[PDB]
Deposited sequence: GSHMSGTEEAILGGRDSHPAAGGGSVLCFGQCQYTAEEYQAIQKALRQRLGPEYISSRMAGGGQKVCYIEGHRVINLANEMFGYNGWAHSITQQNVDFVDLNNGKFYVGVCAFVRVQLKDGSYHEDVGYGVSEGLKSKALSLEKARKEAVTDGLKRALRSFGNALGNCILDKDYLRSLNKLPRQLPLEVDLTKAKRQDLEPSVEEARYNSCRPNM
C-alpha cells in the first residue's frame, strides 16, 4: 500500500531525471517577488508522482497572535506540513500565514490559517528538486527568467472539460479491479 511501495528502477530513473528540470516562465508569477501558485505546485506533484504517489498532512498548526489596533486585526499563523511519497520518503517544513488590516476577526483567521497551510505544502514539496519549486530560489535562474520574453497568459480550452460525474473508463477499470 502507501508508504510500502518501493520505487522500480524505471520509475526512479524517470522521476530523478524529471525533478532536475527547471520551470519555464509559464509556471512563475509575480507580485509586488517571484513565486509559484499553489495549484501549479499541486499539479506538478500530481504529474511527478501520480495522484496516489504523494501525500501530505498537517502535523501541527499554531496561531502565533491575534492583535487589535483601532478596529483592524493582525494575525500570524504557522503550520507544519509533511509530504510523503509512496515509498515512505518524507519532507516536512514550516509555512506562515498573515492577515493585516481586515475588520473581520474570523476572515483574518481563515486567511491566515489557509495561507499558512498552503505555504507549508509548497515549502515541503520544494525539497524534492528544482521541478517542484527549488529552482525559484536560485538568483541566477531568476535573472535568466527576466531575460525571457514576457508571454501573455495562455488560454484554457474548456471544450473537453468534464461535463458529467460518471467516468466510464474509470468505472470499468475499477470493476475489473475486484
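Note: segments 1 to 27, 60 to 65, 212 to 215 of the deposited sequence have no C-alpha coordinates in the structure.
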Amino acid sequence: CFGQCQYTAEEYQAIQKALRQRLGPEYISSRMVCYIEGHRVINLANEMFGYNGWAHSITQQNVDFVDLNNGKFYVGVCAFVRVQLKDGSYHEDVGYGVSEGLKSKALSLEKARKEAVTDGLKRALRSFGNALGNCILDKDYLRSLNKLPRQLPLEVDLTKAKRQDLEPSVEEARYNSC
From here on, numbers count along this sequence of modelled residues.
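Higher mean CA B-factor, judged across 65 to 73 and 52 to 60 from the recorded values: 65 to 73.
In this entry, the higher average B-factor at the C-alpha atoms falls on 143 to 151, of the pair 143 to 151 and 110 to 118. As recorded in the entry, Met32 carries the highest CA temperature factor of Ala131, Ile42, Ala124, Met32. Looking at the C-alpha B-factors along this chain, the one for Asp87 belongs to the middle third.
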